[PDB]
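Number of protein chains: 2
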Amino acid sequence: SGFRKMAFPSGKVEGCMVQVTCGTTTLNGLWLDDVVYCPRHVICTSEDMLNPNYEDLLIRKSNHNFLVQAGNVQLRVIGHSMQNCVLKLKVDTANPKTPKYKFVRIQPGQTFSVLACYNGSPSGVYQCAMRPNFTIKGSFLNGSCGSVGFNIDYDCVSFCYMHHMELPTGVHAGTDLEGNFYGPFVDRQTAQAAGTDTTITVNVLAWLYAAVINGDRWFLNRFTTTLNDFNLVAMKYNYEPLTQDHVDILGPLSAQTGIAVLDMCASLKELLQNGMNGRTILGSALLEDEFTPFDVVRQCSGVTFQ
Amino acid sequence: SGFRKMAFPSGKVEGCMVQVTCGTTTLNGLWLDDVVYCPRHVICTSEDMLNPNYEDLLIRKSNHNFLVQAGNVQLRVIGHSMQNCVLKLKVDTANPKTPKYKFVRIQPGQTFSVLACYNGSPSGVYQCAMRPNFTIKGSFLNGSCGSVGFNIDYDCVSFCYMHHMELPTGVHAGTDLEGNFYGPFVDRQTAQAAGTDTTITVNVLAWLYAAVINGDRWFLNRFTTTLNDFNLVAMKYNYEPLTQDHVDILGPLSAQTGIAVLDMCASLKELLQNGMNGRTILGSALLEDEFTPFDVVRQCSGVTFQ
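Chains A and A' supply the protein sequences, listed in that same order. A prime marks a further copy of an entry chain.
Numbering-wise (the authors' numbering), the first sequence opens with residue 1 and increments by one.
Numbering-wise (the authors' numbering), the second sequence opens with residue 1 and increments by one.
Right, dumping it as structure tokens:
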């Protein structure tokens, strides 16, 4: 019993974190096989960040200008290539600790673990969601750029996020591992707007189901509702709309608990309009949206990873 | 910027988790050098748990009755020994991935990371505190006993907790790695009372300091107070009393923020008596006590671990 945010075990990623140093700029890189992936703004100085011409900046750099260090060993850069916002630094040694990996572009509302690193060394791991506005509310200090987000599908590490920027609003922005930013952000020190963030409704519902599995039942109400009625209330509170695909995803949770998705939706609706109201759910005084339905099933069923 | 619970990177512990199987009972074990540590109640069946004579039960077992598996390899038990509530299973192979480690008995209010395991395989990692009543509010399903709690002092893993029991109240109980339970609990399927839990005041104060470092300043008040006055209010709300040692621990936070510990205490006192009150701190609607002053400094300063 019990419920915790729970990050994926980080070991397979820890052996892939490296330090990249360009011209006195140093951040983290991801060493997979013979390639180190890192934010292309490694090549930037504080002044360049204000208005960088990355192509012009990169042309003034050569393989020898990149100092990739892994513990007490240094990799030799034999090649460098810019894919969107990622620098692909081809090094001479394939990472012996390279796990079975995949690059995935996740969707807003999915969760993943972040391995926060500094100077290529791991400091901590935490679980977070991609907000609907494609930002993440992480914990990133100077030099943590290039820290990566990941999921683990048993034996396979799915890298889904590389940290690039802290926006002046203190939220974090980054790319997939192909260097395509999540959201409309660019790697420049300029004011950039993130959209209105919304709460991830399907995640809240999965968490309510977690609460039911773990004994918190006070919010189950005596009312019901339809999808169209619920979405009308959800839109008012900045909750993402619920689709039939969301209902179908919650099916297993509904079957385990005997509570139909639409009945849970009516419980949520009440919580939205009338509050929690001194009371807590799974220890929380706020509705939690950083658990997907798969996270709940995973944690409630004990899914292991090789 | 930003603040997250943050667990320690788990890699060094992942390579120490093994599966122990006695008589169709299987839980997790900790493989350090040539010894596997696991809850002695591995030797128990569901019926034995109600009233086990561990000495009598263990005498009916022999080394050959213990099946320690690590992935697709099995260790051979050459020796077994009972230290308090821990079984020390001496195996034939020293764990090649044995990190520099220490066993520590932590104090109530300290935090540590838990690597939740099933069948000796890691499922997730999360950070938690030892409650003042020596329980932990974790997430543990059947078969997660023997999962371990740990801290990382740069290069050194400090094992501080092994999970043994879920109490009928759904909270979790366990031992240090010498098998001495935390709290007055025993490894028997019987109703056992945990004390009144209190909030860890020094941790709340460190978290308020985190909130100040990260921009949340609305709770700084226009009042002050003394230690004796504050503890009088804290006792009323089930907050642990503050000592001068607690003040001294918070010194660095006071120096970074320019806010004296006793002034932060006055802010806390107000929050206690008058509430938060629709408002949040670091995203939270409840006062958080699972960050120690060292956790805050660690996360605000970017401490790396080898």
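In this text, a Cβ means the ideal position worked out from N, Cα and C, and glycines have one as well.
Contact check, residue i vs residue j, beta carbons under 7 Å
{"i": "A':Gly179", "j": "A':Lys97", "result": "no"}
{"i": "A':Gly120", "j": "A':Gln19", "result": "yes"}
{"i": "A':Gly146", "j": "A':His172", "result": "no"}
{"i": "A':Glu240", "j": "A':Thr198", "result": "yes"}
{"i": "A:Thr190", "j": "A:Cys85", "result": "no"}
{"i": "A':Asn238", "j": "A':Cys117", "result": "no"}
{"i": "A:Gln110", "j": "A:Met130", "result": "yes"}
{"i": "A:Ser10", "j": "A':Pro122", "result": "no"}
{"i": "A:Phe305", "j": "A:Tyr154", "result": "yes"}
{"i": "A:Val68", "j": "A:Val36", "result": "yes"}
{"i": "A':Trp31", "j": "A':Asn95", "result": "yes"}
{"i": "A':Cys38", "j": "A':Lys102", "result": "no"}
{"i": "A':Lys236", "j": "A':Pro99", "result": "no"}
{"i": "A:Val296", "j": "A:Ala206", "result": "yes"}
{"i": "A:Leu286", "j": "A':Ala285", "result": "yes"}
{"i": "A':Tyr182", "j": "A:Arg4", "result": "no"}
Interface residues of chain A' facing residue i [CB-CB closer than 8 Å]
{"i": "A:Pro122", "result": "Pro9, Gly11, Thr304, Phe305"}
{"i": "A:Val125", "result": "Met6, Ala7, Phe8, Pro9, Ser10, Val125"}
Nonlocal neighbours in the same chain, by C-beta distance under 7 Å from residue i, ignoring five residues either side
{"i": "A':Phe185", "result": "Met165, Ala173, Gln192"}
{"i": "A':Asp92", "result": "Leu75, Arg76, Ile78"}
{"i": "A':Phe66", "result": "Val20, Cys22, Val77, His80, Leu89"}
{"i": "A':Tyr54", "result": "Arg40, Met82"}
{"i": "A':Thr225", "result": "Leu262, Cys265, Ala266, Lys269"}
{"i": "A:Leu58", "result": "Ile43, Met82"}
{"i": "A:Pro108", "result": "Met130, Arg131, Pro132, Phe134"}
{"i": "A':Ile106", "result": "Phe112, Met130, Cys160"}
{"i": "A:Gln273", "result": "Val233"}
{"i": "A:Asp33", "result": "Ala94, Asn95, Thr98"}
CB-CB length for residue i against residue j, believed under 8 Å
{"i": "A':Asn214", "j": "A':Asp289", "result": "Not really, about 17 Å apart at Cβ, beyond 8 Å."}
{"i": "A:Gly124", "j": "A':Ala7", "result": "6 Å"}
{"i": "A':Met264", "j": "A':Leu208", "result": "6 Å"}
{"i": "A:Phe150", "j": "A:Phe112", "result": "6 Å"}
{"i": "A':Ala194", "j": "A':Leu167", "result": "7 Å"}
{"i": "A':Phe134", "j": "A':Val148", "result": "Actually they do not touch by this definition, with Cβ atoms about 17 Å apart."}
{"i": "A':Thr26", "j": "A':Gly143", "result": "7 Å"}
{"i": "A':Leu177", "j": "A':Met17", "result": "Rounded, the Cβ-Cβ distance is 14 Å, inconsistent with contact."}
Chain-order list of residues whose beta-carbon lies under 6 Å from that of residue i (same chain, five-residue window excluded)
{"i": "A:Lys61", "result": "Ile43"}
{"i": "A':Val261", "result": "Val247, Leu250, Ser254"}
{"i": "A':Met49", "result": "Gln189"}
{"i": "A':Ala211", "result": "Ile281, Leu282"}
{"i": "A':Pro52", "result": "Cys44"}
{"i": "A:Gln256", "result": "none"}
{"i": "A':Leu87", "result": "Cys38, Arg40"}
{"i": "A:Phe223", "result": "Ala266"}
{"i": "A':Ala70", "result": "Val18"}
{"i": "A:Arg279", "result": "none"}
Listed by chain order, chain A residues near residue i by CB distance under 7 Å
{"i": "A':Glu166", "result": "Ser1"}
{"i": "A':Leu286", "result": "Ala285"}
Listed by chain order, chain A' residues near residue i by CB distance under 9 Å
{"i": "A:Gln299", "result": "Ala116, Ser123, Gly124, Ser139, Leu141"}
Neighbourhood of residue i by C-beta distance below 8 Å, restricted to the same chain and skipping five residues each side
{"i": "A:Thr201", "result": "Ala234, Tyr239, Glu240, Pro241, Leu242, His246, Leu268, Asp289"}
{"i": "A:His64", "result": "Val77"}
{"i": "A:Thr169", "result": "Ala194"}
{"i": "A:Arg217", "result": "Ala211"}
{"i": "A':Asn231", "result": "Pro241, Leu242"}
Going along the chain, which residues of the segment 132-161 of chain A' sit with their C-beta nearer than 8 Å to a C-beta in chain A? Hits within the stretch, in order: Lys137, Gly138, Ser139, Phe140, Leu141, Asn142, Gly143, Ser144.
Name, going along the chain, the residues of the segment 14-30 of chain A whose beta-carbon falls closer than 8 Å to a beta-carbon of chain A'. Those residues of the segment 14-30 of chain A placed with their C-beta closer than 8 Å to a C-beta in chain A' are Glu14, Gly15, ordered along the chain.
Please identify, using Cβ separations under 9 Å, the residues of the segment 90-119 of chain A that lie next to chain A', in order along the chain. The residues in question are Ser113, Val114, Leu115, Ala116, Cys117, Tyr118, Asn119.
If the cut-off is 9 Å on Cβ atoms, which residues from the segment 168-193 of chain A' count as contacting chain A, listed in chain order? Within the segment 168-193 of chain A', contact with chain A at the beta-carbon level (separation under 9 Å) is assigned to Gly170, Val171, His172.
Report the residues of the segment 207-231 of chain A' with a CB closer than 9 Å to any CB of chain A, ordered along the chain. For chain A, the residues of the segment 207-231 of chain A' that bring a beta carbon within less than 9 Å of one of its beta carbons are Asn214, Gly215, in chain order.
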